[PDB]
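Remarks on the structure that follows.
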Amino acid sequence: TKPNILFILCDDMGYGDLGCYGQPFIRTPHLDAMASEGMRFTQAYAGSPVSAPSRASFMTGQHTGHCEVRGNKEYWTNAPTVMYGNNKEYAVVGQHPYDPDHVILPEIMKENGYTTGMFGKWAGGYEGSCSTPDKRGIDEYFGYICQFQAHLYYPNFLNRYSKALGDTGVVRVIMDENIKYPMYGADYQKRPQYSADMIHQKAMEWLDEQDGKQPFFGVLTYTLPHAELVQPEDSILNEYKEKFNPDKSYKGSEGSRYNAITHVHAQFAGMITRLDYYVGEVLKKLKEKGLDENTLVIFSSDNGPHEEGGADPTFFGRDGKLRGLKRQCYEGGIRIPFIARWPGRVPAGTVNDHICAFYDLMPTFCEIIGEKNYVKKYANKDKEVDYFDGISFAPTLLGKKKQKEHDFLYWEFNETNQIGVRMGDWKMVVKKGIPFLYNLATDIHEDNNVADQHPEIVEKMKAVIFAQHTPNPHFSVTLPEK
Ligand SMILES: O=S(=O)(O)O[C@@H]1[C@@H](O)[C@H](O)O[C@H](CO)[C@@H]1O
Ligand SMILES: [Ca+2]
């Protein structure tokens with residue numbers, strides 16, 4: 001009968017920003033109940049310390065030493081204008097496209113008889129590119145094609161692809177009341193069409209059309225709690241304007257599409273309690289429709305905590321254990337919350353220390369849906385080598401037999417010019433070609449560089465960097481000396 005699978009992947013949430021992982025100032029009751037009926041992962045990693053490559057890793061089953069997308073690259077900077085009211089907007093939006101000759105996860109599900117849904121941020125390819133959801137195995141899409149467009153929670157348009165409405169490809173749905181008002185300044189909050197509510201409703205309409213004939217695969221890529229720090233001025237926000245006193249404000253960034261706002265500690269806390277509430281409505285709806293015993297639901301985040309649009313990770317991180325933010329190959333930039341729930345399949349109230357990353361999700365779903373020897377089926381014969389880097393963690397997720405272990409995890413990132421490797425207790429961060437070494441068992445906060453005492457380990461972990469990194473012309477890093 002094949003099981004349904006939902007993956008809820010949010011935007012710029014830290015390892016320590018949820019209650020069940022140890023946040024002290026924000027309520028997350030729906031996700032904490034999910035973990036209490038679920039399995040909570042303690043050593044789970046993003047594909048990258050930043051959005052586009054992390055999402056590419058998940059989609060491709062490849063690490064950033066091999067992947068086509070290894071960073072954020074914009075294709076809208078020199079696009080022509082289009083006017084929505086008095087608002088000058090970009091006529092083509094989005095980021096670098098996925099390689100059309102390497103398979104992604106939505107296309108494997110389609111081959112296996114699933115119907116496919118995706119609600120929120122795409123960030124896999126610009127409008128008109130070789131990689132938009134219509135061409136890469138998505139039946140029903142609604143949200144933001146472009147990472148930069150997602151900066152505004154009250155935008156001029158959102159993107160749609162709907163077989164059901166007989167769209168021939170991606171269109172723009174114009175937000176008719178928003179366009180009457182500026183994009184920046186005092187009058188911006190006169191915009192009434194809030195993106196995260198409108199995108200959550202479309203996801204919920206899709207789900208209510210589902211029944212126990214065809215299996216369904218859903219990607220809920222909601223933008224909370226990414227900047228800007230603007231939302232509805234309702235009860236959720238007011239609870240936190242109460243708890244936090246005094247509070248700070250944000251001056252704004254017109255060039256970054258982050259609007260000025262007051263009570264920034266209140267804004268950020270409200271945005272996480274709002275996302276928790278959405279996840280409450282998903283889990284209830286699955287029970288309401290008799291879907292709960294045959295649906296796997298996973299919650300995670302695309303990278304480490306942020307400091308954009310008035311965010312204050314220092315205040316919210318008071319009791320946290322990990323070093324660093326988004327963009328850093330330090331543990332705080334890559335390690336993320338990961339919760340799984342499947343009544344009577346995934347054991348309830350469990351913690352799981354298995355060392356795993358987003359590039360492991362492709363083989364994990366393949367093993368769950370019955371699709372055997374996926375590499376030989378989907379690998380491209382016209383390539384000199386078609387890399388697949390993942391190991392399935394389906395065994396440990398069902399607490400059964402034969403869990404296999406990585407020799408290493410690997411990450412590289414251009415903006416901070418860093419490389420990260422984890423090999424058991426040992427962790428390497430290369431900065432501008434110089435290796436730093438830490439033991440995570442004696443030093444989780446990565447305070448003591450012990451490269452001096454451990455040269456045999458340093459060379460081994462360089463031997464991994466040399467074997468795993470391939471040329472990519474679009475994104476570059478400095479390798480250490482041989
Ligand atoms: O989470 S990320 O998408 O990496 O956030 C980044 C954001 O920090 C940066 O300012 O602009 C890019 C645009 O591609 C993304 O929106
Ligand atoms: Ca992100």
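Ordering of the structure tokens sets the chain letters (A, B, ...), residue numbers begin anew at 1 in every chain, and ligands are numbered from 1 in the order given.
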
Which residues come within 9 Å of residue 261 of chain A, counting only C-alpha atoms, excluding same-chain residues fewer than 5 positions away, as a PyMOL selection string?
chain A and resi 228-230+249-252+267+309-310

Same residues, N, CA and C atoms, saved as a short mmCIF file (atom, residue, chain, number, x, y, z; two decimals), in the first residue's frame:
```cif
data_model
loop_
_atom_site.label_atom_id
_atom_site.label_comp_id
_atom_site.auth_asym_id
_atom_site.auth_seq_id
_atom_site.Cartn_x
_atom_site.Cartn_y
_atom_site.Cartn_z
N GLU A 228 12.54 38.82 7.08
CA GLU A 228 12.44 39.89 8.08
C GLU A 228 11.64 39.44 9.32
N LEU A 229 11.70 40.22 10.41
CA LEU A 229 11.02 39.95 11.70
C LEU A 229 9.68 40.71 11.76
N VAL A 230 8.80 40.46 10.78
CA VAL A 230 7.46 41.10 10.65
C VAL A 230 6.42 39.97 10.51
N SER A 249 14.91 47.32 19.18
CA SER A 249 14.28 47.55 17.85
C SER A 249 15.28 47.29 16.70
N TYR A 250 14.82 47.43 15.45
CA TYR A 250 15.61 47.23 14.20
C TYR A 250 15.38 48.41 13.28
N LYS A 251 16.49 48.99 12.82
CA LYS A 251 16.52 50.22 11.98
C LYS A 251 16.04 49.91 10.55
N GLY A 252 16.27 48.68 10.06
CA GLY A 252 15.84 48.22 8.72
C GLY A 252 16.99 48.19 7.72
N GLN A 267 9.23 39.59 18.46
CA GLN A 267 8.96 39.20 17.04
C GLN A 267 9.48 37.76 16.79
N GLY A 309 17.90 40.98 10.36
CA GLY A 309 16.59 41.65 10.51
C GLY A 309 16.18 41.87 11.97
N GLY A 310 17.15 41.91 12.89
CA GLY A 310 16.93 42.21 14.32
C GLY A 310 17.03 40.99 15.22
#
```

When you look at residue 6 of chain A with a cut-off of 7 Å (counting only C-alpha atoms), what residues show up, excluding the ones that are within fewer than 5 positions of it in the same chain? I need them as a VMD selection string.
chain A and resid 217 to 219 296 to 298

Among segment 72-201 of chain A, which ones does DSSP assign to alpha helix (DSSP H) (computed from the backbone)? Answer as a PDB file with N, CA and C atoms, in the first residue's frame.
```pdb
ATOM      1  N   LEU A 105      14.960  13.571  -5.475  1.00  0.00           N
ATOM      2  CA  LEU A 105      14.071  12.713  -4.640  1.00  0.00           C
ATOM      3  C   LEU A 105      12.620  12.746  -5.142  1.00  0.00           C
ATOM      4  N   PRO A 106      11.987  13.911  -5.417  1.00  0.00           N
ATOM      5  CA  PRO A 106      10.631  13.917  -5.987  1.00  0.00           C
ATOM      6  C   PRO A 106      10.416  13.061  -7.255  1.00  0.00           C
ATOM      7  N   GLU A 107      11.462  12.863  -8.069  1.00  0.00           N
ATOM      8  CA  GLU A 107      11.398  12.093  -9.348  1.00  0.00           C
ATOM      9  C   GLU A 107      11.413  10.597  -9.025  1.00  0.00           C
ATOM     10  N   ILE A 108      12.112  10.174  -7.964  1.00  0.00           N
ATOM     11  CA  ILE A 108      12.150   8.744  -7.519  1.00  0.00           C
ATOM     12  C   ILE A 108      10.769   8.332  -6.991  1.00  0.00           C
ATOM     13  N   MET A 109      10.143   9.194  -6.181  1.00  0.00           N
ATOM     14  CA  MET A 109       8.797   8.968  -5.593  1.00  0.00           C
ATOM     15  C   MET A 109       7.773   8.805  -6.723  1.00  0.00           C
ATOM     16  N   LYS A 110       7.783   9.715  -7.708  1.00  0.00           N
ATOM     17  CA  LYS A 110       6.893   9.651  -8.905  1.00  0.00           C
ATOM     18  C   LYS A 110       7.046   8.256  -9.547  1.00  0.00           C
ATOM     19  N   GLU A 111       8.269   7.840  -9.902  1.00  0.00           N
ATOM     20  CA  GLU A 111       8.541   6.513 -10.526  1.00  0.00           C
ATOM     21  C   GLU A 111       7.886   5.402  -9.693  1.00  0.00           C
ATOM     22  N   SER A 195       2.380  35.995   3.900  1.00  0.00           N
ATOM     23  CA  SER A 195       2.828  34.844   3.069  1.00  0.00           C
ATOM     24  C   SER A 195       2.642  33.519   3.810  1.00  0.00           C
ATOM     25  N   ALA A 196       3.175  33.396   5.038  1.00  0.00           N
ATOM     26  CA  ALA A 196       3.264  32.135   5.826  1.00  0.00           C
ATOM     27  C   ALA A 196       1.862  31.586   6.120  1.00  0.00           C
ATOM     28  N   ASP A 197       0.886  32.449   6.404  1.00  0.00           N
ATOM     29  CA  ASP A 197      -0.528  31.990   6.560  1.00  0.00           C
ATOM     30  C   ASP A 197      -1.040  31.448   5.213  1.00  0.00           C
ATOM     31  N   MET A 198      -0.894  32.230   4.140  1.00  0.00           N
ATOM     32  CA  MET A 198      -1.433  31.912   2.790  1.00  0.00           C
ATOM     33  C   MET A 198      -0.818  30.610   2.261  1.00  0.00           C
ATOM     34  N   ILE A 199       0.494  30.382   2.484  1.00  0.00           N
ATOM     35  CA  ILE A 199       1.244  29.144   2.074  1.00  0.00           C
ATOM     36  C   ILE A 199       0.797  27.958   2.953  1.00  0.00           C
ATOM     37  N   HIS A 200       0.601  28.147   4.271  1.00  0.00           N
ATOM     38  CA  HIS A 200       0.141  27.072   5.199  1.00  0.00           C
ATOM     39  C   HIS A 200      -1.248  26.580   4.762  1.00  0.00           C
ATOM     40  N   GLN A 201      -2.131  27.480   4.351  1.00  0.00           N
ATOM     41  CA  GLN A 201      -3.516  27.127   3.928  1.00  0.00           C
ATOM     42  C   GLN A 201      -3.482  26.239   2.667  1.00  0.00           C
TER      43      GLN A 201
END
```

Contact residues around residue 128 of chain A with only C-alpha atoms at 12 Å, ignoring same-chain residues under 2 positions, as a PyMOL selection string
chain A and resi 75-76+91-97+124-126+130-135+145+169-171

What residues have any atom no more than 7 Å from ligand 1 when counting only C-alpha atoms and all ligand atoms, and can you list them as a ChimeraX atom specification?
/A:11-12,50-52,72-74,95,147-148,150-151,226,256

At most 12 Å from ligand 2 (only C-alpha atoms and all ligand atoms): residue list as a PyMOL selection string
chain A and resi 9-14+46-55+71-72+121-123+147-148+150-151+221-227+300-308+325-327+333-334+336

So that I can see what lies close to segment 450-455 of chain A, please list as a list in words the residues with an atom at most 7 Å from it, counting only C-alpha atoms and leaving out residues fewer than 3 positions away in the same chain.
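Residues meeting the cut-off are residues 436, 437, 438, 458 and 459 of chain A.
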
Would you give me, as a ChimeraX atom specification, the residues in segment 77-293 of chain A that DSSP reads as strand (DSSP E or B)?
/A:81-84,87-90,95,115-121,140-144,157-162,171-174,216-221,249-250,253,258,261-262

Any chance you could export the current selection's C-alpha atoms as a compact mmCIF listing (two decimals), in the first residue's frame?
```
# COMPACT_ATOMS: atom_id res chain seq x y z
CA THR A 81 11.97 45.55 -14.18
CA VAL A 82 8.18 44.93 -14.09
CA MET A 83 5.84 47.42 -12.19
CA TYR A 84 3.18 46.09 -9.68
CA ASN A 87 6.59 48.94 -7.03
CA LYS A 88 9.58 48.23 -9.38
CA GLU A 89 9.98 44.36 -9.24
CA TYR A 90 12.40 41.86 -10.99
CA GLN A 95 19.14 31.02 -7.79
CA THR A 115 1.64 11.96 -5.88
CA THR A 116 4.04 14.86 -4.96
CA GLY A 117 3.45 18.24 -3.15
CA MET A 118 5.78 21.16 -2.18
CA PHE A 119 4.64 24.32 -0.24
CA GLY A 120 7.08 27.27 0.45
CA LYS A 121 10.68 28.13 -0.72
CA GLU A 140 1.49 20.64 -6.85
CA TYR A 141 3.74 23.63 -5.88
CA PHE A 142 2.91 27.00 -4.15
CA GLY A 143 5.32 29.56 -2.58
CA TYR A 144 8.57 31.54 -3.32
CA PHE A 157 3.49 38.00 -5.82
CA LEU A 158 3.94 34.27 -5.01
CA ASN A 159 4.63 31.36 -7.47
CA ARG A 160 2.27 28.44 -8.34
CA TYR A 161 2.41 25.17 -10.33
CA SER A 162 -0.89 23.14 -10.13
CA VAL A 171 3.01 31.28 -13.01
CA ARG A 172 3.02 34.37 -10.73
CA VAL A 173 -0.10 34.84 -8.49
CA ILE A 174 -0.28 38.67 -7.92
CA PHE A 216 1.61 11.09 -1.08
CA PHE A 217 5.05 12.78 -0.62
CA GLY A 218 4.95 16.37 0.79
CA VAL A 219 7.80 18.92 1.28
CA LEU A 220 6.66 21.80 3.62
CA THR A 221 9.51 24.37 3.13
CA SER A 249 14.28 47.55 17.85
CA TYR A 250 15.61 47.23 14.20
CA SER A 253 17.75 47.35 5.46
CA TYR A 258 14.25 43.48 5.73
CA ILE A 261 10.30 46.78 13.39
CA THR A 262 10.07 47.20 17.27
```

Do you know which residues are at most 7 Å from residue 237 of chain A counting only C-alpha atoms, after dropping those on the same chain fewer than 4 positions away, and could you put them as a PyMOL selection string?
chain A and resi 233+241+266-267+270

Prev. selection, C-alpha atoms, output as a PDB file, in the first residue's frame:
```pdb
ATOM      1  CA  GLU A 233      -0.035  41.754  15.332  1.00  0.00           C
ATOM      2  CA  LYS A 241       5.564  41.786  24.142  1.00  0.00           C
ATOM      3  CA  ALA A 266       9.001  39.426  20.939  1.00  0.00           C
ATOM      4  CA  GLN A 267       8.964  39.198  17.042  1.00  0.00           C
ATOM      5  CA  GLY A 270       6.317  34.796  18.129  1.00  0.00           C
TER       6      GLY A 270
END
```

Give me the residues of segment 313-421 of chain A that have any atom at most 12 Å from an atom of segment 57-68 of chain A; for each, the nearest atom pair and the distance in Å, rounded to one decimal. Use only C-alpha atoms, sort by chain and number, and format it as a Markdown table.
```
| residue | atom | partner | partner_atom | distance |
| --- | --- | --- | --- | --- |
| A:356 | CA | A:63 | CA | 11.8 |
| A:357 | CA | A:58 | CA | 8.6 |
| A:358 | CA | A:58 | CA | 4.8 |
| A:359 | CA | A:61 | CA | 4.1 |
| A:360 | CA | A:61 | CA | 6.3 |
| A:361 | CA | A:58 | CA | 6.3 |
| A:362 | CA | A:61 | CA | 5.3 |
| A:363 | CA | A:61 | CA | 7.5 |
| A:364 | CA | A:61 | CA | 10.0 |
| A:365 | CA | A:61 | CA | 10.9 |
| A:366 | CA | A:61 | CA | 11.1 |
| A:374 | CA | A:61 | CA | 11.3 |
| A:375 | CA | A:61 | CA | 10.4 |
| A:378 | CA | A:60 | CA | 11.3 |
| A:379 | CA | A:60 | CA | 11.2 |
| A:385 | CA | A:66 | CA | 10.3 |
| A:386 | CA | A:66 | CA | 9.2 |
| A:387 | CA | A:62 | CA | 6.6 |
| A:388 | CA | A:62 | CA | 5.4 |
| A:389 | CA | A:62 | CA | 5.1 |
| A:390 | CA | A:61 | CA | 5.7 |
| A:391 | CA | A:61 | CA | 9.3 |
| A:392 | CA | A:61 | CA | 10.5 |
| A:408 | CA | A:63 | CA | 11.3 |
| A:409 | CA | A:63 | CA | 8.6 |
| A:410 | CA | A:63 | CA | 6.8 |
| A:411 | CA | A:64 | CA | 5.8 |
| A:412 | CA | A:64 | CA | 6.0 |
| A:413 | CA | A:64 | CA | 8.1 |
| A:414 | CA | A:64 | CA | 10.7 |
| A:418 | CA | A:64 | CA | 11.8 |
| A:419 | CA | A:65 | CA | 9.7 |
| A:420 | CA | A:64 | CA | 10.6 |
| A:421 | CA | A:65 | CA | 11.3 |
```
